[PDB]
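Numbering (the deposited numbering), first residue to last: 225 to 273, 278 to 387, 392 to 502. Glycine is no exception: its CB is placed at the ideal position from the N, C-alpha and C atoms. What follows is a set of notes on a single structure, which appears directly below.
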Ligand SMILES: Cc1ccc(NC(=O)c2ccc(CN3CC[C@H](N(C)C)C3)c(C(F)(F)F)c2)cc1Nc1nccc(-c2cncnc2)n1
């Protein structure tokens, strides 16, 4: 793009500079393909495409966020179709499958704590920027080298999720107020993070195992909560339970959650 042009957008890039390849993850992520940013011999993920409106809205949002633990936008091709959104490629894929397939001797308790800590840092940042994630879960996180974890948003509800409020929501990761009044806030993200902590502590088990979705709400309303997973430190579980406070205002903020994790991780890792 012309730096002098009235329409200059530093994020627009040459579609030709990308060598699109196979769909990413057997097509589990939808219209996202593996690609190579020629000029750098770099593997990247390229999401392509009247969801053109929603699409551009996503691109615009991604240009406003930068954090070491949030998937990194690398560039866009929204000059003309086909529209593109390019981000970095994370070597080991989504956190859910990673937890299920890892070497548990390698991904030990210190590492699980490290992952939680990185995720809360990303969420603390989003909190600060007044952004609401809406679908925080392990399936929406990426893992890189050296147990690097970044929060992403793959818009999976259209690709766990069940018909609800017109749309499709992951009932087991959704806060009560969100299920009841469709009220989404950073506090409902805080509830989802708690469930995510449970997913990590269990190396990727599905939440409320065996419990049918239709009973979840009522159960939550009657104060039922998932039990401390085997081997999950009491302090962590204590954090899970606080994130699951029935009233959002009673749930801790991400800054506070991050704070608590930093403390714990350094204590175990030293
Ligand atoms: C190609 C691509 C295009 C757009 C995004 N967007 C976000 O993650 C993405 C979009 C929007 C937001 C934020 N908004 C603001 C509020 C809004 N909600 C919904 C109301 C969400 C986020 C963030 F992480 F910040 F949460 C991420 C990510 C990828 N990357 C991508 N996609 C699938 C699989 C892989 C992949 C990479 N490496 C290895 N294997 C797989 N990479």
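Near ligand 1: residue i beta-carbon under 7 Å from a heavy atom
{"i": "residue 381", "result": "yes"}
{"i": "residue 271", "result": "yes"}
{"i": "residue 249", "result": "yes"}
{"i": "residue 298", "result": "yes"}
{"i": "residue 306", "result": "no"}
{"i": "residue 406", "result": "no"}
{"i": "residue 436", "result": "no"}
{"i": "residue 363", "result": "yes"}
{"i": "residue 425", "result": "no"}
{"i": "residue 347", "result": "no"}
{"i": "residue 266", "result": "no"}
{"i": "residue 486", "result": "no"}
{"i": "residue 392", "result": "no"}
Rounded straight-line distance, which links the Cα of residue j to that of residue i
{"i": "residue 239", "j": "residue 271", "result": "12 Å"}
{"i": "residue 344", "j": "residue 357", "result": "20 Å"}
{"i": "residue 296", "j": "residue 319", "result": "16 Å"}
{"i": "residue 453", "j": "residue 230", "result": "55 Å"}
{"i": "residue 247", "j": "residue 353", "result": "30 Å"}
{"i": "residue 365", "j": "residue 475", "result": "14 Å"}
{"i": "residue 314", "j": "residue 455", "result": "43 Å"}
{"i": "residue 381", "j": "residue 346", "result": "16 Å"}
{"i": "residue 310", "j": "residue 355", "result": "33 Å"}
{"i": "residue 303", "j": "residue 462", "result": "43 Å"}
{"i": "residue 421", "j": "residue 227", "result": "39 Å"}
{"i": "residue 404", "j": "residue 263", "result": "43 Å"}
{"i": "residue 434", "j": "residue 307", "result": "44 Å"}
{"i": "residue 252", "j": "residue 386", "result": "11 Å"}
{"i": "residue 394", "j": "residue 402", "result": "6 Å"}
{"i": "residue 499", "j": "residue 255", "result": "43 Å"}
{"i": "residue 407", "j": "residue 439", "result": "13 Å"}
{"i": "residue 237", "j": "residue 450", "result": "50 Å"}
{"i": "residue 294", "j": "residue 342", "result": "20 Å"}
{"i": "residue 376", "j": "residue 397", "result": "35 Å"}
{"i": "residue 459", "j": "residue 282", "result": "38 Å"}
6 Å CB neighbourhood of residue i in its chain, flanking five on each side removed
{"i": "residue 436", "result": "324, 327 and 328"}
{"i": "residue 416", "result": "360, 362 and 410"}
Chain-order list of residues whose beta-carbon lies under 7 Å from that of residue i (same chain, five-residue window excluded)
{"i": "residue 349", "result": "297 and 490"}
{"i": "residue 501", "result": "338"}
{"i": "residue 280", "result": "311"}
{"i": "residue 457", "result": "473 and 476"}
{"i": "residue 399", "result": "385"}
Assumed close pair residue i, residue j - CB separation to whole angstroms, cut-off 8 Å
{"i": "residue 284", "j": "residue 321", "result": "Rounded, the Cβ-Cβ distance is 27 Å, inconsistent with contact."}
{"i": "residue 244", "j": "residue 233", "result": "So it is not a contact: roughly 21 Å between Cβ atoms."}
{"i": "residue 432", "j": "residue 340", "result": "5 Å"}
{"i": "residue 269", "j": "residue 317", "result": "5 Å"}
{"i": "residue 419", "j": "residue 465", "result": "24 Å between Cβ atoms; not a contact."}
{"i": "residue 486", "j": "residue 290", "result": "Contact flag wrong, Cβ pair sits at about 20 Å."}
Residues of its chain near residue i, where Cβ-Cβ distance is below 8 Å and the 5 sequence neighbours each way are ignored
{"i": "residue 429", "result": "344, 468, 471, 472 and 475"}
{"i": "residue 477", "result": "483"}
{"i": "residue 334", "result": "none"}
#### Entry: Runs of beta strand (DSSP E) wholly within the region 401-440 (minimum 3 residues, chain order)
none
#### Entry: Completely contained beta strand (DSSP E) runs for the region 307-344, where each covers 3 or more residues
If only complete runs of 3 or more residues are kept, the region 307-344 shows the beta strand (DSSP E) at 312-316, in order along the chain.
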